[PDB]
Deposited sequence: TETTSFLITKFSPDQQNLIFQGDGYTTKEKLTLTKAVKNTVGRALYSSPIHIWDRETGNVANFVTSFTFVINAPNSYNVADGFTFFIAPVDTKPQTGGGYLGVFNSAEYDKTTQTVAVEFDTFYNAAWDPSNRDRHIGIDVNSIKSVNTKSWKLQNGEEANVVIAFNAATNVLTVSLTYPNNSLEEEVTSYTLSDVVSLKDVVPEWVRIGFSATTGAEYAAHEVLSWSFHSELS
């Protein structure tokens, strides 16, 4: 048995258990991924690698993470590009920015990326996003074109509580986003972790801007995993 857990309900300016990439940094008790500026990327990784699956027994870890995040766009009508929670190899670095959200590089399935991300996409990219042009929650597996998505109305400036759980027995990854004014969205899909990501991974957040922009922030974060 191997387990990993942490809880940070307030971020300090010298948060040494996180690995920052791009414009990502801590300030005023909040983790800032990107400011409201064009063409940036911000990423934050928890320092310790997680044992997501066991090569020897073939076991896969059960896990759940919770975080509260806020998106502040100066113009409630022009918002881009989004925020994501992602599971990737330990040595992971920012990928394509803008619509790619700093985690992927193509709309085509690329097994070499070995990355699963749960996106909060705020800008319609015609080449791969849902035709309805709605902002949405989506589950990505080695591609920026989600395997499943769910419309979501962004409440500019409001904090959203997100819970992402993965059940090892069913291979179901569930996502839930709740706003206080009480509006909730849920989305599920079967992800076969053991065949997408390496057995040791790093988890983090990622947010990007492009021609359109907004400030992406995390105010608290917990994670708990258990590999038997």
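According to the record, no C-alpha positions are given for deposited positions 182 to 187 alone, numbered from 1.
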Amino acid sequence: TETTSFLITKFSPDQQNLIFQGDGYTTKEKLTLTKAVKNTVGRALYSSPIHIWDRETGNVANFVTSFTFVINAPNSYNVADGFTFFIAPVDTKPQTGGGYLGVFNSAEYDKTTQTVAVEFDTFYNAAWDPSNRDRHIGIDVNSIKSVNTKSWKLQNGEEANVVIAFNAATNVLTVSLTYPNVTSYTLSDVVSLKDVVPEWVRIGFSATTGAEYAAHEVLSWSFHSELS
From here on, numbers count along this sequence of modelled residues.
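Comparing the deposited coordinates for 217 to 225 and 4 to 12, the stretch with the larger average C-alpha B-factor is 4 to 12. Here the stretch with the larger average CA B-factor, out of 105 to 113 and 127 to 135, is 105 to 113. Residue set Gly98, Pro74, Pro89, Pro94: peak C-alpha B-factor at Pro74 (per PDB entry). Take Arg43, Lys194, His51, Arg202 and read off each C-alpha B-factor from the entry; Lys194 has the highest.
Sort the chain's modelled residues by C-alpha temperature factor and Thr149 lands in the middle third, per the entry. When the CA B factors of the chain's modelled residues are split into thirds, the value for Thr84 lands in the lowest one. Among all modelled residues in this chain, the alpha-carbon of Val162 has a temperature factor (C-alpha) in the lowest third.
The entry lists a Cα temperature factor for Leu31 that places it in the middle third of the chain's modelled residues. The entry lists a Cα temperature factor for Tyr185 that places it in the highest third of the chain's modelled residues.
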